[PDB]
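**Q** Input file: input13.txt. Contents: compact mmCIF, C-alpha atoms and all ligand atoms.
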# COMPACT_ATOMS: atom_id res chain seq x y z
CA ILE A 1 0.00 0.00 0.00
CA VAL A 2 1.47 3.35 -1.10
CA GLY A 3 0.60 6.51 0.83
CA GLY A 4 -1.28 4.58 3.49
CA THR A 5 -0.98 4.30 7.27
CA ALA A 6 -0.67 1.52 9.83
CA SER A 7 -3.91 -0.34 10.49
CA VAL A 8 -5.37 -0.88 13.96
CA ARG A 9 -5.34 -4.50 15.11
CA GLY A 10 -8.58 -6.22 14.10
CA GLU A 11 -9.61 -3.29 11.94
CA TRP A 12 -9.84 -5.51 8.87
CA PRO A 13 -10.73 -8.96 10.31
CA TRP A 14 -11.54 -10.37 6.88
CA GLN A 15 -7.97 -9.57 5.71
CA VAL A 16 -5.64 -12.55 5.52
CA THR A 17 -2.04 -13.06 4.42
CA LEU A 18 -1.22 -15.84 1.94
CA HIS A 19 2.17 -17.43 2.55
CA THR A 20 4.32 -19.71 0.48
CA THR A 21 6.76 -22.23 1.95
CA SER A 22 8.84 -22.45 -1.24
CA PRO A 23 11.58 -21.94 -1.10
CA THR A 24 11.31 -20.33 2.33
CA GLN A 25 8.07 -19.15 3.94
CA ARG A 26 7.16 -15.67 2.75
CA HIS A 27 4.29 -13.35 1.97
CA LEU A 28 2.80 -14.18 -1.45
CA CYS A 29 -0.56 -12.42 -1.73
CA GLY A 30 -3.51 -11.02 0.11
CA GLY A 31 -7.00 -12.40 0.57
CA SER A 32 -10.42 -12.05 2.21
CA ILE A 33 -12.45 -14.39 4.42
CA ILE A 34 -15.90 -14.71 2.87
CA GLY A 35 -16.98 -17.95 4.55
CA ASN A 36 -15.81 -20.38 7.24
CA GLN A 37 -13.76 -22.42 4.76
CA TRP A 38 -13.35 -19.88 1.96
CA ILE A 39 -10.82 -17.20 1.05
CA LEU A 40 -11.47 -14.93 -1.94
CA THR A 41 -8.31 -13.69 -3.67
CA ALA A 42 -6.66 -13.10 -7.08
CA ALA A 43 -6.08 -15.89 -9.62
CA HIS A 44 -2.82 -14.36 -10.87
CA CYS A 45 -1.42 -14.84 -7.38
CA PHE A 46 -0.96 -18.53 -8.14
CA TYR A 47 1.42 -18.15 -11.05
CA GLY A 48 3.97 -20.96 -10.75
CA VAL A 49 2.04 -22.64 -7.94
CA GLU A 50 1.80 -26.34 -8.77
CA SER A 51 0.25 -27.49 -5.51
CA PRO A 52 -1.81 -25.98 -2.65
CA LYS A 53 0.50 -27.89 -0.29
CA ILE A 54 2.95 -24.98 -0.31
CA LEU A 55 0.26 -22.50 0.76
CA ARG A 56 -0.54 -21.25 4.26
CA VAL A 57 -3.34 -18.84 5.17
CA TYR A 58 -2.91 -16.71 8.30
CA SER A 59 -5.93 -14.90 9.75
CA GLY A 60 -6.15 -12.30 12.50
CA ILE A 61 -2.71 -10.93 11.66
CA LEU A 62 -1.65 -7.31 12.04
CA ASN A 63 2.14 -7.68 11.94
CA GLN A 64 3.99 -10.24 9.82
CA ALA A 65 6.23 -10.57 12.90
CA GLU A 66 3.37 -12.47 14.59
CA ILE A 67 4.08 -15.25 12.11
CA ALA A 68 6.70 -17.79 13.17
CA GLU A 69 7.26 -21.54 12.88
CA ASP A 70 4.92 -22.12 15.84
CA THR A 71 2.10 -19.86 14.61
CA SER A 72 -1.14 -21.61 13.70
CA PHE A 73 -2.32 -21.37 10.10
CA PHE A 74 -4.94 -22.77 7.73
CA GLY A 75 -3.85 -25.28 5.13
CA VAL A 76 -5.25 -24.97 1.61
CA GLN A 77 -7.23 -27.95 0.33
CA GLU A 78 -7.99 -26.58 -3.12
CA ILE A 79 -7.24 -23.62 -5.35
CA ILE A 80 -10.17 -22.69 -7.57
CA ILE A 81 -9.23 -20.41 -10.47
CA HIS A 82 -11.90 -18.91 -12.73
CA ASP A 83 -12.05 -20.98 -15.93
CA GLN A 84 -11.94 -17.82 -18.07
CA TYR A 85 -8.97 -16.26 -16.36
CA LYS A 86 -5.87 -15.82 -18.52
CA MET A 87 -4.16 -12.75 -17.04
CA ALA A 88 -4.96 -10.00 -14.53
CA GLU A 89 -4.97 -7.36 -17.26
CA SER A 90 -7.50 -9.52 -19.10
CA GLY A 91 -9.98 -9.73 -16.24
CA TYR A 92 -11.44 -12.74 -14.47
CA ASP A 93 -8.68 -12.28 -11.94
CA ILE A 94 -10.45 -14.17 -9.16
CA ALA A 95 -9.90 -17.38 -7.25
CA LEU A 96 -11.16 -19.23 -4.21
CA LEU A 97 -9.10 -21.05 -1.63
CA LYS A 98 -10.94 -23.89 0.07
CA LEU A 99 -9.30 -24.30 3.48
CA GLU A 100 -8.42 -27.69 4.98
CA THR A 101 -10.10 -26.63 8.23
CA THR A 102 -12.81 -24.19 9.33
CA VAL A 103 -12.08 -20.68 10.54
CA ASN A 104 -13.40 -19.96 14.02
CA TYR A 105 -14.94 -16.50 13.75
CA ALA A 106 -13.80 -13.92 16.25
CA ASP A 107 -13.19 -10.22 16.74
CA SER A 108 -9.85 -10.69 14.94
CA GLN A 109 -11.18 -12.92 12.15
CA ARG A 110 -14.60 -12.77 10.54
CA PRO A 111 -16.04 -12.81 6.98
CA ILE A 112 -16.82 -9.74 4.87
CA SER A 113 -20.18 -9.57 3.10
CA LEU A 114 -20.23 -9.80 -0.69
CA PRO A 115 -21.98 -6.97 -2.54
CA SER A 116 -25.53 -7.69 -3.72
CA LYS A 117 -26.58 -7.45 -7.36
CA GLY A 118 -28.96 -4.75 -6.19
CA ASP A 119 -26.05 -2.60 -5.01
CA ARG A 120 -24.63 -2.06 -8.50
CA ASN A 121 -26.20 1.39 -8.34
CA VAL A 122 -24.71 2.22 -4.93
CA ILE A 123 -22.16 5.03 -4.95
CA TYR A 124 -19.57 3.83 -2.45
CA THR A 125 -17.85 6.88 -0.97
CA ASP A 126 -15.99 5.15 1.86
CA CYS A 127 -13.59 2.67 0.31
CA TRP A 128 -10.30 1.34 1.64
CA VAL A 129 -7.49 -0.79 0.24
CA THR A 130 -5.34 -2.80 2.66
CA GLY A 131 -2.31 -5.08 2.53
CA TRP A 132 1.32 -5.79 3.42
CA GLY A 133 2.47 -4.86 -0.08
CA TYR A 134 5.18 -2.43 -1.17
CA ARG A 135 5.07 1.18 0.01
CA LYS A 136 6.85 2.07 -3.22
CA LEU A 137 7.79 0.57 -6.58
CA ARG A 138 11.13 -0.74 -5.37
CA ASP A 139 10.27 -1.70 -1.80
CA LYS A 140 9.54 -4.85 0.18
CA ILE A 141 6.75 -6.58 2.13
CA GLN A 142 5.65 -4.47 5.10
CA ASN A 143 5.53 -5.75 8.68
CA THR A 144 2.36 -3.89 9.67
CA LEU A 145 -0.86 -4.15 7.65
CA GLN A 146 -1.39 -0.84 5.84
CA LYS A 147 -4.61 0.96 4.92
CA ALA A 148 -5.47 3.74 2.49
CA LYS A 149 -8.78 5.40 1.66
CA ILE A 150 -9.19 5.67 -2.10
CA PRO A 151 -12.08 7.05 -4.16
CA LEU A 152 -13.67 4.92 -6.87
CA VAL A 153 -13.41 6.14 -10.46
CA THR A 154 -15.92 5.48 -13.23
CA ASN A 155 -15.04 2.77 -15.73
CA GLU A 156 -15.14 5.40 -18.49
CA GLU A 157 -12.60 7.47 -16.57
CA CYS A 158 -10.43 4.41 -15.93
CA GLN A 159 -10.48 3.43 -19.60
CA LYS A 160 -9.07 6.87 -20.39
CA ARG A 161 -6.06 6.14 -18.18
CA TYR A 162 -5.45 2.76 -19.81
CA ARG A 163 -5.96 3.28 -23.54
CA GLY A 164 -3.80 0.25 -24.25
CA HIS A 165 -6.18 -1.96 -22.26
CA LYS A 166 -9.86 -2.80 -22.16
CA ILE A 167 -11.45 -1.85 -18.84
CA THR A 168 -14.55 -4.06 -18.78
CA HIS A 169 -17.57 -3.74 -16.49
CA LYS A 170 -16.06 -6.74 -14.70
CA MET A 171 -13.34 -4.42 -13.46
CA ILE A 172 -13.46 -1.54 -11.02
CA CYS A 173 -10.83 1.16 -10.55
CA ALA A 174 -9.87 3.44 -7.70
CA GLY A 175 -7.25 6.13 -7.25
CA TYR A 176 -6.60 9.85 -7.05
CA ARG A 177 -6.18 11.84 -10.25
CA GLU A 178 -2.92 13.10 -8.80
CA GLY A 179 -1.97 9.69 -7.45
CA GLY A 180 -0.21 9.32 -4.12
CA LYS A 181 -2.35 6.53 -2.64
CA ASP A 182 -2.73 3.07 -4.20
CA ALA A 183 -2.19 -0.64 -3.75
CA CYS A 184 1.18 -2.02 -4.88
CA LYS A 185 3.19 -5.26 -5.13
CA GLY A 186 2.21 -7.77 -2.46
CA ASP A 187 -1.29 -6.33 -2.00
CA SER A 188 -2.58 -8.47 -4.87
CA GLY A 189 -5.56 -10.59 -3.89
CA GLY A 190 -6.38 -8.16 -1.10
CA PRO A 191 -9.91 -6.81 -0.53
CA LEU A 192 -11.24 -3.41 -1.55
CA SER A 193 -13.68 -2.87 1.33
CA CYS A 194 -16.27 -0.15 1.04
CA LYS A 195 -18.37 0.85 4.02
CA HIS A 196 -21.96 1.34 2.97
CA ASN A 197 -24.77 1.93 5.48
CA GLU A 198 -22.60 0.85 8.41
CA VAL A 199 -21.80 -2.35 6.55
CA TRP A 200 -18.49 -3.35 4.95
CA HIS A 201 -18.75 -4.81 1.46
CA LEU A 202 -16.13 -6.61 -0.60
CA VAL A 203 -16.36 -4.41 -3.70
CA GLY A 204 -13.06 -5.28 -5.33
CA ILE A 205 -10.00 -7.51 -5.30
CA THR A 206 -6.61 -5.88 -5.81
CA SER A 207 -5.44 -6.97 -9.25
CA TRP A 208 -3.05 -4.76 -11.24
CA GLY A 209 -1.98 -1.31 -12.30
CA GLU A 210 0.68 0.61 -14.19
CA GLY A 211 3.27 1.18 -11.49
CA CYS A 212 1.97 2.27 -8.09
CA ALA A 213 0.20 5.47 -6.99
CA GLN A 214 1.10 7.18 -10.25
CA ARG A 215 -0.93 10.19 -11.37
CA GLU A 216 -3.69 9.42 -13.88
CA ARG A 217 -3.05 5.75 -13.25
CA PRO A 218 -5.74 4.36 -10.91
CA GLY A 219 -5.45 0.84 -9.49
CA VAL A 220 -7.50 -1.84 -11.20
CA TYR A 221 -9.58 -4.28 -9.15
CA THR A 222 -11.78 -7.28 -9.91
CA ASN A 223 -15.42 -6.14 -9.71
CA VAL A 224 -16.66 -8.66 -7.15
CA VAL A 225 -20.39 -8.05 -7.59
CA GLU A 226 -19.98 -9.49 -11.09
CA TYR A 227 -18.89 -12.85 -9.66
CA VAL A 228 -21.51 -13.47 -6.99
CA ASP A 229 -23.06 -16.29 -9.02
CA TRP A 230 -19.65 -17.83 -9.77
CA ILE A 231 -18.70 -17.69 -6.08
CA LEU A 232 -21.97 -19.36 -5.09
CA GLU A 233 -21.42 -22.15 -7.63
CA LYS A 234 -17.85 -22.95 -6.55
CA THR A 235 -18.60 -22.55 -2.84
CA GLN A 236 -21.50 -25.02 -2.93
CA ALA A 237 -20.33 -28.60 -2.48
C1 LIG B 1 0.13 -8.02 -6.61
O1 LIG B 1 0.32 -7.60 -5.27
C2 LIG B 1 1.07 -9.18 -6.96
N1 LIG B 1 0.85 -9.91 -8.00
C3 LIG B 1 1.83 -10.89 -8.11
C4 LIG B 1 2.77 -10.83 -7.09
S1 LIG B 1 2.44 -9.57 -5.99
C5 LIG B 1 0.33 -6.75 -7.47
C6 LIG B 1 -0.63 -5.57 -7.15
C7 LIG B 1 -0.39 -4.30 -7.98
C8 LIG B 1 -1.41 -3.23 -7.63
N2 LIG B 1 -1.09 -2.03 -8.42
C9 LIG B 1 -1.76 -0.87 -8.39
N3 LIG B 1 -2.83 -0.72 -7.60
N4 LIG B 1 -1.34 0.15 -9.16
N5 LIG B 1 -0.01 -7.10 -8.85
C10 LIG B 1 0.84 -7.05 -9.90
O2 LIG B 1 2.01 -6.69 -9.78
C11 LIG B 1 0.29 -7.44 -11.27
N6 LIG B 1 0.87 -6.52 -12.27
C12 LIG B 1 0.75 -5.18 -12.30
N7 LIG B 1 1.45 -4.49 -13.47
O3 LIG B 1 0.12 -4.53 -11.46
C13 LIG B 1 0.62 -8.92 -11.61
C14 LIG B 1 -0.25 -9.41 -12.78
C15 LIG B 1 2.11 -9.12 -12.00
Transcribe the structure of this file into structure tokens.

**A**
Amino acid sequence: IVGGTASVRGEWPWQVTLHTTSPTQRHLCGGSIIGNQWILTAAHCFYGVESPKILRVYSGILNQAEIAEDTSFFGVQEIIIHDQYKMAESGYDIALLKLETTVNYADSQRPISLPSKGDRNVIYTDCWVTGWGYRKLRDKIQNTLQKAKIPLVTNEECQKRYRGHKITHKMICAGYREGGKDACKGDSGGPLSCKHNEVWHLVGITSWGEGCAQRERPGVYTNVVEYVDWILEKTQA
């Protein structure tokens, strides 16, 4: 997260940190708890990942320093990538992690509500991006979970900033015209939570962008509301 600040512990209880044990344990991507055995994250996060056996999901984390060899984690039973996904910049950048065990909800770890198809008219004005990603282009994974409030931008506006791409209605963008605040490397798969009517909604999933926090270059997110049916199909055994 560029231009953000340190989060308060338990502020974003749906936020989880995806870790890879190969070669040595490390932060891979972000993710969101959406059900007791389900993490919603980005498909492109699993590039090169041949098996879920090398994955560990940590919930209720503020500082990466909380994570050691003796820290409890959730194993991943299955990675579910959208069948139409080919590359973040192409859309369909969404995936589910089915956990080997169930998450015991608590003040530090609970699920975020998915947006409803009815809410596609809602004008979210209170939206935040969070993660342990880079604070700058050439940085490193951050110890403390960061947060930044970022305004949504219309798809038409976003398309203007990415004339080499196709910003579909399955994408959603957010950023300041002048830049300064944005997600960055390592935040991928993280949630774009927007507080509407005293209720947090998972509006987007951090996906890609040209650089980080650059002016006239808003971050691009998966438009979650467009995948509610897909999520329900893959989440139902
Ligand atoms: C993700 O955190 C990661 N993806 C793979 C490893 S870390 C990056 C988030 C970038 C967010 N940028 C922004 N809001 N401006 N995602 C990426 O780096 C993707 N590429 C780009 N060019 O963003 C990924 C497809 C390589």

**Q** Enumerate, in order of chain and increasing residue number, the residues of chain A with an atom no farther than 7 Å from ligand LIG 1 (chain B), each with its shortest atom pair and distance in Å to one decimal, counting only C-alpha atoms and all ligand atoms, as JSON lines.

**A**
{"residue": "A:28", "atom": "CA", "partner": "B:LIG1", "partner_atom": "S1", "distance": 6.5}
{"residue": "A:29", "atom": "CA", "partner": "B:LIG1", "partner_atom": "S1", "distance": 5.9}
{"residue": "A:44", "atom": "CA", "partner": "B:LIG1", "partner_atom": "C14", "distance": 5.9}
{"residue": "A:45", "atom": "CA", "partner": "B:LIG1", "partner_atom": "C3", "distance": 5.2}
{"residue": "A:87", "atom": "CA", "partner": "B:LIG1", "partner_atom": "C14", "distance": 6.7}
{"residue": "A:88", "atom": "CA", "partner": "B:LIG1", "partner_atom": "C14", "distance": 5.1}
{"residue": "A:89", "atom": "CA", "partner": "B:LIG1", "partner_atom": "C14", "distance": 6.8}
{"residue": "A:133", "atom": "CA", "partner": "B:LIG1", "partner_atom": "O1", "distance": 6.3}
{"residue": "A:182", "atom": "CA", "partner": "B:LIG1", "partner_atom": "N3", "distance": 5.1}
{"residue": "A:183", "atom": "CA", "partner": "B:LIG1", "partner_atom": "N3", "distance": 3.9}
{"residue": "A:184", "atom": "CA", "partner": "B:LIG1", "partner_atom": "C8", "distance": 4.0}
{"residue": "A:185", "atom": "CA", "partner": "B:LIG1", "partner_atom": "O1", "distance": 3.7}
{"residue": "A:186", "atom": "CA", "partner": "B:LIG1", "partner_atom": "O1", "distance": 3.4}
{"residue": "A:187", "atom": "CA", "partner": "B:LIG1", "partner_atom": "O1", "distance": 3.9}
{"residue": "A:188", "atom": "CA", "partner": "B:LIG1", "partner_atom": "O1", "distance": 3.1}
{"residue": "A:189", "atom": "CA", "partner": "B:LIG1", "partner_atom": "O1", "distance": 6.7}
{"residue": "A:206", "atom": "CA", "partner": "B:LIG1", "partner_atom": "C8", "distance": 6.1}
{"residue": "A:207", "atom": "CA", "partner": "B:LIG1", "partner_atom": "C6", "distance": 5.4}
{"residue": "A:208", "atom": "CA", "partner": "B:LIG1", "partner_atom": "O3", "distance": 3.2}
{"residue": "A:209", "atom": "CA", "partner": "B:LIG1", "partner_atom": "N4", "distance": 3.5}
{"residue": "A:210", "atom": "CA", "partner": "B:LIG1", "partner_atom": "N7", "distance": 5.2}
{"residue": "A:211", "atom": "CA", "partner": "B:LIG1", "partner_atom": "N4", "distance": 5.3}
{"residue": "A:212", "atom": "CA", "partner": "B:LIG1", "partner_atom": "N4", "distance": 4.1}
{"residue": "A:213", "atom": "CA", "partner": "B:LIG1", "partner_atom": "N4", "distance": 5.9}
{"residue": "A:218", "atom": "CA", "partner": "B:LIG1", "partner_atom": "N4", "distance": 6.3}
{"residue": "A:219", "atom": "CA", "partner": "B:LIG1", "partner_atom": "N3", "distance": 3.6}
{"residue": "A:220", "atom": "CA", "partner": "B:LIG1", "partner_atom": "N3", "distance": 6.0}

**Q** Counting all atoms listed in the file, which residue out of A:237, A:228, A:153, A:171 sits closest to residue 93 (chain A)?

**A**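 Using all atoms listed in the file, the shortest distance to residue 93 (chain A) belongs to A:171.
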
**Q** So which residues touch region 157-164 of chain A within 8 Å, counting all atoms listed in the file, skipping near sequence neighbours fewer than 6 positions away, as a VMD selection string?

**A** chain A and resid 173 216 to 218

**Q** Between A:62, A:76, A:33, A:8, which is the closest to residue 132 (chain A) once you count all atoms listed in the file?

**A**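 Among the listed residues, A:62 lies closest to residue 132 (chain A).
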
**Q** May I have the residues within 12 Å of residue 81 (chain A) as a list in words, using only C-alpha atoms and disregarding those fewer than 5 positions away in the same chain?

**A**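 Neighbouring residues, sequence-local ones excluded: residues 40, 41, 42, 43, 44, 45, 46, 47, 49, 86, 87, 88, 92, 93, 94, 95, 96, 97, 98, 230, 231 and 234 of chain A.
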
**Q** Which value, in Å to one decimal, gives the distance between CA of residue 85 (chain A) and CA of residue 39 (chain A)?

**A**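 Distance reported for this atom pair: 17.5 Å.
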
**Q** Using all atoms listed in the file, can you tell me which of A:84, A:90, A:64, A:101 comes closest to residue 166 (chain A)?

**A**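 Closest to residue 166 (chain A), using all atoms listed in the file: A:90.
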
**Q** Kindly give the distance, in Å, that separates CA of residue 67 (chain A) and CA of residue 18 (chain A), rounded to a single decimal.

**A**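 Spanning CA of residue 67 (chain A) to CA of residue 18 (chain A) is a straight-line distance of 11.5 Å.
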
**Q** Calculate how many Å separate CA of residue 91 (chain A) from CA of residue 227 (chain A), rounding to one decimal.

**A**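 Computed distance, CA of residue 91 (chain A) to CA of residue 227 (chain A), equals 11.5 Å.
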
**Q** Smallest atom-to-atom distance to residue 107 (chain A): which of A:147, A:9, A:215, A:120, using only C-alpha atoms?

**A**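 For residue 107 (chain A), the nearest of the given residues is A:9.
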
**Q** Taking every listed atom of region 155-158 of chain A and adding 5 Å to each side, what centre and edge lengths in Å (one decimal) does the axis-aligned box have, as JSON?

**A**
{"center_x": -12.8, "center_y": 5.1, "center_z": -17.1, "size_x": 14.7, "size_y": 14.7, "size_z": 12.8}

**Q** Counting all atoms listed in the file, which residue out of A:16, A:150, A:55, A:6 sits closest to residue 79 (chain A)?

**A**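 Of the candidates, the smallest distance to residue 79 (chain A) is held by A:55.
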
**Q** Kindly indicate which residue among A:11, A:197, A:233, A:1 lies nearest to residue 119 (chain A), using only C-alpha atoms for the distances.

**A**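 Of A:11, A:197, A:233, A:1, the one nearest residue 119 (chain A), counting only C-alpha atoms, is A:197.
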
**Q** Do a neighbour search on residue 12 (chain A) at 10 Å with all atoms listed in the file, toss out local chain neighbours closer than 3 positions, and write the hits as a VMD selection string.

**A** chain A and resid 7 to 9 15 to 16 32 60 to 62 107 to 112 128 130 to 131 145 147 191 193 200

**Q** Got a sec to check which residues sit within 8 Å of (-21.8, -6.7, -11.8), counting all atoms listed in the file, and write them as an NGL selection string?

**A** :A and (117 or 120 or 169-170 or 223-227)

**Q** Please list as a list in words every residue within 6 Å of residue 2 (chain A), counting only C-alpha atoms and excluding residues in the same chain fewer than 5 positions away.

**A**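 Non-adjacent residues within range: residues 135, 136, 181 and 182 of chain A.
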
**Q** Suppose we keep C-alpha atoms; can you now write the selection as a PDB file, keeping the file's coordinate frame?

**A**
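out-v2.pdb, freshly written:
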ATOM      1  CA  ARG A 135       5.070   1.180   0.010  1.00  0.00           C
ATOM      2  CA  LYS A 136       6.850   2.070  -3.220  1.00  0.00           C
ATOM      3  CA  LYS A 181      -2.350   6.530  -2.640  1.00  0.00           C
ATOM      4  CA  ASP A 182      -2.730   3.070  -4.200  1.00  0.00           C
TER       5      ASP A 182
END
